[PDB]
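Worksheet: one structure, shown below.
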Ligand SMILES: [Mg+2]
Ligand SMILES: [Zn+2]
Ligand SMILES: [Zn+2]
Ligand SMILES: [Zn+2]
């Protein structure tokens with residue numbers, strides 16, 4: 001919130017430290033109202049709901065077995081049991097090495113099979129085991145973390161530490177009309193150049209309003225206008 | 001060798017980070033005086049104390065006053081030194097206020113100052129930055145050969 | 001590598017542009033220590 | 001896996017032999033642990049990563065002081081959170097930053 | 001201050017023997033930090049309030065602070081009552097030694113004295129640990145400015 | 001270097017009391033305070049002029065170059 | 001009056017300062033140089049040979065400074081003040097004994113001067129050693145002058161104490177979005193290098209040396225260094241902790257990923273990556289090149305076929321890395337005072353003279369070859385006219401390095417600037433504070449403020465207020481009042497003692513039990529493990545208190561990193577401390593009575609086990625009481641005097657504990673600029689600039705420091721009668737009102753003396 | 001330990017003994033002797049040292065006539081004057097309350113256990129004769145012994 | 001309240017200790033089987049130990065891979081250089097007396113893949129050099145000192161150790177105060 005923040009704003013750098021997306025919600029409750037949206041914006045959840053992961057070998061078949069715990073998926077409010085976890089596993093292990101047929105034996109014990117210049121099968125199975133409990137099953141893979149905030153009232157707004165504003169704007173239960181990010185270039189690519197200059201002016205003004213710097217807003221308006 | 005009178009703009013400091021230049025040099029009779037006719041060599045603003053929070057300077061003034069009145073050099077060692085109660089006792093024994101605040105008369109009106117003035121010796125150092133070596137002025141003269149600028 | 005070429009003359013804080021074109025040393029100027037004066041007008 | 005041979009203590013690996021046997025051969029040493037209806041499983045626990053409560057605010061734990069904000073006409077705030085920093089040379093005094101408890105307006109009184 | 005120190009060491013012994021109620025926004029290790037810092041700041045503010053309320057009419061620092069020419073009630077309270085808490089990098093002074101700030105305190109001790117709380121004022125003088133903690137706080141402010 | 005002729009604040013002559021003060025300290029020893037009071041230095045300015053003086057000329061004369 | 005330990009234990013500070021003055025780091029370092037390091041250089045470079053005329057050699061037998069064997073006295077040295085006046089160098093001749101063969105089988109000795117050695121002021125070879133102020137008067141030198149600088153071409157030059165990270169020691173640091181790198185900057189007597197160590201990706205651990213083309217994976221080097229079992233690898237680097245196993249398993253897998261390995265297969269892999277050796281000994285390009293690569297990978301030079309020591313060192317390197325990757329805050333602060341060392345003037349001149357002597361020997365051999373390449377009439381008589389002429393180069397280099405501060409060491413290959421500064425003569429305090437001044441390592445990336453903040457671990461070692469302003473704010477530091485810098489003592493007789501005290505050698509130790517007991521480190525190297533780490537520490541400390549090992553060796557125990565650490569190297573900062581045993585101090589005021597009576601000088605408090613030195617690392621293991629009143633029976637030491645946490649300059653401040661700390665720092669700045677008395681010979685001096693007060697007065701309120709450093713003898717200031725009031729309106733914003741007629745009577749009256757030097761130079765015509 | 005990833009039992013694949021991070025220290029002291037299972041920073045050290053005396057005395061009692069057991073002793077490399085040092089040097093004494101001591105010479109020292117060696121140890125004899133070089137086996141080490149001089 | 005005498009002996013005996021880091025002292029409650037020894041080797045002027053232990057053939061041998069990858073793999077070679085350490089004395093109890101024999105060059109033995117060495121060299125087939133370089137130069141140049149592993153002769157050694165332990169008896173005179181400095 002200081003010299004580096006003003007530098008970021010007036011340099012229009014594409015990458016900023018702490019890009020915060022402020023998202024207002026539709027309802028007023030914690031249980032099953034705002035935690036649902038928070039879960040809809042989360043980084044990775046395999047390790048969060050895997051509860052173990054296996055490296056299983058047999059006479060001629062190999063299993064990577066994981067036992068998703070319904071208790072965590074229910075207590076932490078998420079909408080996923082098996083199928084979306086399996087398809088996310090397919091996408092992620094394809095982006096890593098490959099994934100053609102991810103099977104589900106049932107009862108949350110989804111198993112991943114590997115089959116084929118030697119010991120490469122074991123190496124790829126080990127690397128799949130290592131890279132497995134890190135993949136995204138729920139939420140946008142742009143948000144490092146979300147955090148429910150209180151504006152000194154009974155309104156529990158949530159601001160996310162991510163780089164995706166359109167996704168958060170279009171997420172269910174988030175009001176897209178009032179949803180702003182502190183990243184000027186993110187505002188520009190999603191909302192327009194006029195919204196870009198509005199974001200510039202609000203960001204600069206707020207930045208110097210947190211240090212007691214009483215600058216007439218016309219100077220900030222001229223800075224935004226000459227920038228956009 | 002060159003003798004140097006302290007003049008306007010010469011820098012002085014007082015062992016507590018309280019530096020500053022000579023703003024004015026005034027005649028002795030215009031200076032305030034106490035009952036014995038003691039007159040200050042230096043007058044320093046009270047506004048330098050509250051924000052810098054140099055209580056050590058006040059304790060130094062009181063300890064130095066008690067020391068000159070007692071005939072002994074005092075000690076202001078870190079985490080130690082001459083206790084303030086002892087210095088106040090010396091000050092009271094010699095007829096002065098315990099807090100080092102004497103009543104002065106104005107040198108220009110002659111009346112009693114309506115506030116008691118913190119009065120006593122403080123060690124002051126003259127710093128190497130004299131205005132005689134800093135005063136510089138150029139109208140026209142030597143110019144850079146390459147750029148034809150001063 | 002101390003060899004000062006043409007582009008070294010123009011680049012830098014003490015180069016050509018920032019050192020002589022936009023900003024330079026001026027005649028009829030002075031500098032000394034400042035002291036207070038209340039009997040002086042504010043202007 | 002993370003298993004090693006008893007003979008040369010090198011790390012054991014899975015290799016595919018004839019009939020696709022997933023024997024745990026040890027490289028660098030003639031050691032062969034075949035699989036005859038035996039299950040080699042490596043289970044490691046994973047964190048639950050419980051929920052995290054509302055961030056809210058802990059301004060009750062912040063040093064206050066008796067200063068009226070510049071915006072006293074709008075909000076009658078007699079108190080202001082403060083912290084002192086010396087953002088000047090060591091010959092100027094310290095700088096105190098304020099934040100009104102009634103409006104949140106920040107200012108620095110130096 | 002003795003009342004404040006008592007609550008601080010009670011929280012210390014609770015945290016050490018067991019587990020305190022971790023604040024929602026921050027984890028376990030810093031919830032004791034927040035509780036102790038709030039309590040010490042409250043005691044400093046209350047002591048300074050008592051000092052200022054007992055200040056004399058025609059007090060020079062009080063007049064300068066009231067008219068705004070120089071200083072403030074903070075400076076007056078630090079000179080007279082208590083230089084409250086030395087804060088560096090946004091929290092109390094961290095361990096300069098192994099799990100400890102200074103070797104003049106017990107190891108893994110988090111008492112207010114051990115982590116920067118200066119009980120003394122500038123009138124009474126700073127004890128050597130408090131003096132060092134104050135020096136680091138001043139240096140922290142001076143740093144970054146360059 | 002050498003004792004100043006006058007007190008800086010009052011102008012009272014203190015340069016004629018340095019040797020008497022030294023003799024009071026050495027011969028028939030007294031406290032510094034009573035030795036200053038015996039010489040007539042009542043004011044604390046005249047007291048400090050003698051009490052805080054450092055006689056550096058006696059040390060400079062050890063390097064006299066025209067012996 | 002009866003001696004009270006609470007208020008009379010402070011006299012140990014004057015006792016310490018009598019024999020160990022403020023300017024003693026420079027003094028002791030230079031004495032050590034000229035007394036033993038010169039012999040060390042002359043015994044390293046003892047003989048020079050030629051390809052031709054094999055029946056001929058030159059031998060350097062002995063080295064001396066300033067003395068010949070002809071007479072008991074030393075040679076006449078032009079005194080340092082005369083050197084200052086005549087713009088020459090205060091130097092003593094270097095005399096050697098030469099064994100050069102005569103053609104008719106004749107063997108002789110000689111006393112031949114090979115140059116002038118710039119002698120530090122008030123050292124052993126300096127003429128002002130043990131002078132009684134009467135010889136100082138005759139030599140026109142100030143008795144209160146600090147000494148410890150050099151006069152080269154008439155200017156006073158001081159080699160500032162140098163801060164730098166400790167060599168031969170593992171430092172581990174993390175980072176955000178990049179990975180964890182942790183180095184071990186290892187310096188040999190002829191080759192310095194840093195074994196970098198980073199995690200490239202996927203939690204894979206690599207060893208990154210400059211001479212190695214690509215970072216060798218960690219399992220490869222571990223297998224190369226004899227530890228080739230690939231379970232004991234994981235045992236050494238992982239122990240029994242479950243998390244580290246999976247943290248480490250990836251680079252275990254890689255070891256077989258490439259091809260299964262013997263020791264020599266890994267050795268060949270390492271050797272394939274060695275860069276070059278300037279195309280000499282080309283016939284070494286085989287598997288054997290890795291032997292030199294591993295020999296010159298660190299300071300643990302291996303001269304045999306057992307690689308256990310280097311293997312365990314690299315395993316600890318790896319395990320520290322794995323700890324850091326498991327969780328941060330296992331890193332070390334690079335600004336912790338325990339992790340820094342202070343190079344001194346003697347060490348600097350030792351390495352500089354070693355380089356200059358190597359140049360001199362190379363050039364002497366060149367001249368000898370040119371002379372003896374002639375076929376006929378190769379008369380051997382007076383083969384030393386060359387060295388008589390050739391002695392100027394050593395003197396020229398030795399003088400110029402000090403004069404300019406740039407030290408061009410070809411052998412060690414770096415260029416450093418600012419090693420020397422002109423000793424400041426603004427004030428006596430300015431000179432004394434330029435002494436005991438520490439300059440930190442450059443290339444520090446000044447944009448950040450890590451090595452700019454003040455650390456709690458510098459308490460009592462570096463002054464807490466004497467840090468300069470403006471640009472080098474936090475980079476230049478000052479020594480505290482009561483401080484010592486350790487000197488390099490031999491490590492071999494302490495390893496044997498550690499083995500005697502129950503430490504079992506690592507070669508006797510197996511991998512599976514290494515992280516189950518405490519491991520004993522000698523200068524960062526695992527020499528073995530011990531049961532009863534606390535008993536071992538106590539017995540070692542008892543041996544050191546009884547004088548069986550040097551008082552400067554530091555022993556402390558880390559519990560997080562299960563290790564007993566023993567340090568013997570020089571450059572560690574330490575301060576003395578009263579030992580508190582069984583809840584009581586060991587001084588008990590009978591020793592104090594003896595001390596003020598004259599007996600028991602400060603050394604005897606060390607011989608008697610009452611006082612011991614503690615470095616920053618042992619202070620982790622200690623529990624110091626500030627006062628005798630708050631000694632609880634769990635504390636291990638007691639402060640002699642807590643005001644010693646301020647340096648010499650900060651001791652000029654009266655009641656500094658009643659001030660805000662920035663005020664103390666600014667007074668540390670301004671006190672060096674105060675105008676006053678410089679020296680007893682200030683009117684005999686002729687300086688480029690000098691400010692002198694006509695009527696300086698000693699402060700009415702002084703401290704113990706100003707009388708411990710003789711500030712009351714040459715004070716800089718005056719006791720002004722001060723009225724604290726608003727007056728005349730000309731005193732706003734730090735402005736002062738000065739009494740006219742106080743200025744008339746001499747208050748503040750100073751003077752400036754400026755010198756102008758010209759030389760009537762003769763010309764070729 | 002924690003969860004272990006499950007013709008000759010000594011030829012079965014060997015996995016490391018793994019202990020969780022939350023309890024690495026506690027199990028560490030338990031397995032320092034349990035891994036062998038042979039046939040406060042001052043008080044804890046003293047009590048474990050007294051246990052070391054009881055174990056050391058137990059082992060000397062069970063080594064009285066066994067024709068195969070060896071111990072390795074760690075003696076100081078510079079013993080008190082009396083290597084060409086032969087004969088009787090001194091005694092190892094059992095003090096009251098279970099504590100032991102060693103009198104190597106005129107001096108009195110204490111005797112501890114040292115690090116445990118959880119792997120096979122065997123002693124051999126080297127006799128390289130010009131006629132025939134032969135290596136002779138003697139026995140197997142049952143434990144290390146460390147004796148430390150005390151001031 | 002008893003006294004147990006220790007006696008030094010074995011002045012000429014070269015008694016080495018083998019440290020098989022490859023195998024535990026005891027897998028279970030009982031001590032582990034002492035492995036059979038054959039074809040042991042020692043290199044003088046290098047103090048290099050080579051010890052061969054055959055592999056079991058009835059289980060876990062991978063004979064086909066063994067012979068197809070390396071010609072000779074029946075034995076298992078544990079290689080480890082003896083390290084000269086002082087103060088390590090080997091002990092046993094006979095008659096309530098602990099008999100000490102100094103230990104010469106304990107060695108740490110780790111498995112050696114010389115067959116992998118030879119396979120690699122056969123694949124690849126188609127100047128003071130002092131310091132650690134000289135150590136390996138000596139090891140691979142001056143070598144081939146075959147040893148004959150004669151196992152079982154303990155009684156001769158033990159009765160010999162007793163023979164030097166009872167015939168000689170020496171008393172100590174060095175002051176305890178002098179011993180501490182001698183440390
Ligand atoms: Mg200023
Ligand atoms: Zn194997
Ligand atoms: Zn407000
Ligand atoms: Zn006067």
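The backbone N, Cα and C atoms fix where each Cβ goes, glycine too.
Swiss-Prot marks one residue of F:12, F:59 as ubiquitin cross-link, namely F:59. If you take the Cα of residue F:59 (ubiquitin cross-link) and the Cα of residue F:10 (Zn(2+) binding site), they are about 28 angstrom apart, rounded to a whole number. Non-local contacts of residue F:46 (Zn(2+) binding site) by the CB criterion (under 8 A, 6+ apart in sequence, same chain) comprise F:7, F:9, F:10, F:12, F:14.
All chains included, 22 other C-beta atoms sit within 10 angstroms of the C-beta of residue F:59 (ubiquitin cross-link).
Sequence-distant contacts of residue F:45 (Zn(2+) binding site), defined by Cβ-Cβ distance under 8 angstroms and a gap of at least six in the same chain, are F:7, F:8, F:9, F:10. Other C-beta atoms found within 10 angstroms of the C-beta of residue F:7 (Zn(2+) binding site) number 25, with every protein chain shown included. The 10 Å shell around the Cβ of residue F:10 (Zn(2+) binding site) contains 24 further Cβ atoms across the protein chains shown. Contacting chain B by the Cβ rule (under 8 Å between Cβ atoms), the recorded positions F:7, F:46, F:59 reduce to an empty set.
Look at residue F:7 (Zn(2+) binding site): DSSP puts it in coil. Using a cut-off of under 8 A between C-beta atoms, the recorded positions F:10, F:45, F:46, F:59 that neighbour chain G are F:45, F:59.
DSSP gives residue F:45 (Zn(2+) binding site) a helix state.
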